[PDB]
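Asks: Chains as they are written, first to last, in the authors' numbering: chain D, 1 to 43; chain B, 1 to 43; chain A, 1 to 44; chain C, 1 to 43. Think of the CB as a built atom: it goes at the ideal place given N, C-alpha and C, for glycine as much as any other residue.
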Amino acid sequence: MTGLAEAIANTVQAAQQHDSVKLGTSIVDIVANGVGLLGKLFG
Amino acid sequence: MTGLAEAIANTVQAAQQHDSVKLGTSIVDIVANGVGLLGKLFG
Amino acid sequence: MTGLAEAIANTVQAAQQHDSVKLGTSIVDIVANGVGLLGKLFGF
Amino acid sequence: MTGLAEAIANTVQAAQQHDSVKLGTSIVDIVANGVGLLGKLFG
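(1) By Cβ distance below 7 Å, which residues in the same chain neighbour residue 10 of chain B in space, the five residues on each side in sequence not counted?
(2) Note down the Cα distance separating residue 1 of chain D from residue 8 of chain D, rounded to an integer number of angstroms.
(3) Can you grab the Cα-Cα spacing for the pair residue 20 of chain B / residue 21 of chain D, in whole Å?
(4) Tell me whether residue 14 of chain D is buried or exposed, calling it buried when 16 or more other Cβ atoms sit within 10 Å of its Cβ.
(5) Please name the residues in the stretch 8-19 of chain D whose beta-carbon is closer than 9 Å to at least one beta-carbon of chain C, in chain order.
(6) Starting from residue 16 of chain A and walking both ways along the alpha helix (DSSP H), at which residues does that stretch end?
(7) If the cut is a Cβ gap below 8 Å, which residues of chain C does residue 4 of chain A touch?
(8) Identify the continuous alpha helix (DSSP H) that holds residue 22 of chain B and give its terminal residues.
(9) Return the chain-ordered list of same chain residues with a C-beta closer than 6 Å to the C-beta of residue 101 of chain B, the five sequence neighbours on each side being excluded.
(10) Give the straight-line distance between the Cα atoms of residue 39 of chain C and residue 18 of chain B, rounded to the nearest whole angstrom.
(11) Below 8 Å between beta carbons: does that hold for residue 28 of chain D and residue 31 of chain B?
(12) Just confirm the distance between the C-beta atoms of residue 23 of chain D and residue 23 of chain B, as a whole number of angstroms; I'd bet it's less than 8 Å.
(13) Run through chain D and tell me which residues come within less than 9 Å of residue 24 of chain B, C-beta to C-beta.
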């Protein structure tokens, strides 16, 4: 979950310091990493 | 793409007010809708 | 000094949100209090 | 008034985020520069 771990850090870290770009890049990364986890076990 | 339009609208509209809680629930629907639409027209 | 305190609080609160009118007026009041600091009995 | 600009610049920026420590240092500059000007016209 290391790939997902880093993504969670950015979104929550951005959440505190009100931001738009940082939140945006993180959120897509999380879902992008989630779909990454969707197929990570298979390959 | 009629559906994707609403996602774009809400995200941009929310982003103006520098509101993050509603942006978060929107910026996800855009990616969810985008993949969903790609999955449509086939089934 | 009490005068600067209220202005500082107001500017900080305004900047915390994303409203510009309050920020501008509070900055004006900040500078006003800063100059008035000498403007009061000190030097008068 | 250039000196007081930076102190005001940091405070609003810190207040924009929630970096408490940055705010704490900055606010002292606001008061510190407040006397500095009144102590600057006299040389």
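Replies: This is what the structure gives:
(1) In the second sequence, counting from the first residue as 1, residue 10 of chain B sits at position 10. Cβ within range, chain order: 26.
(2) Here the question's residue 1 of chain D lines up with position 1 in the first sequence. Here the question's residue 8 of chain D lines up with position 8 in the first sequence. Looking at the two C-alpha atoms, the distance is approximately 10 Å.
(3) Here the question's residue 20 of chain B lines up with position 20 in the second sequence. Here the question's residue 21 of chain D lines up with position 21 in the first sequence. Residue 20 of chain B and residue 21 of chain D: Cα-Cα distance of roughly 11 Å.
(4) Numbered from 1 along the first sequence, position 14 holds the residue referred to as residue 14 of chain D. Residue 14 of chain D should be labelled buried.
(5) Residues 16, 17, 18, 19.
(6) Here residue 16 of chain A is taken as the residue at index 16 of the third sequence, counted from 1. 2-16 is the span of the alpha helix (DSSP H), which, as asked, contains residue 16 of chain A.
(7) Working through the third sequence from its first residue, we reach residue 4 of chain A at position 4. Within chain C, the C-beta atoms nearer than 8 Å to that of residue 4 of chain A come from 30, 31, 34, in chain order.
(8) Residue mapping note: residue 22 of chain B aligns to position 22 of the second sequence, counting from 1. That run of the alpha helix (DSSP H) goes 20-39.
(9) Nothing can be reported for residue 101 of chain B, as the shown portion of chain B is limited to 1 through 43.
(10) Residue mapping note: residue 39 of chain C aligns to position 39 of the fourth sequence, counting from 1. Residue mapping note: residue 18 of chain B aligns to position 18 of the second sequence, counting from 1. About 40 Å.
(11) Numbered from 1 along the first sequence, position 28 holds the residue referred to as residue 28 of chain D. Numbered from 1 along the second sequence, position 31 holds the residue referred to as residue 31 of chain B. Yes. Within cutoff.
(12) Reading the first sequence from its first residue, position 23 is the one you call residue 23 of chain D. Reading the second sequence from its first residue, position 23 is the one you call residue 23 of chain B. Rounded, the Cβ-Cβ distance is 7 Å, consistent with contact.
(13) Here residue 24 of chain B is taken as the residue at index 24 of the second sequence, counted from 1. Identification of chain D residues near residue 24 of chain B by a Cβ-Cβ cut-off of 9 Å yields 11, 15, 23, 27, ordered along the chain.
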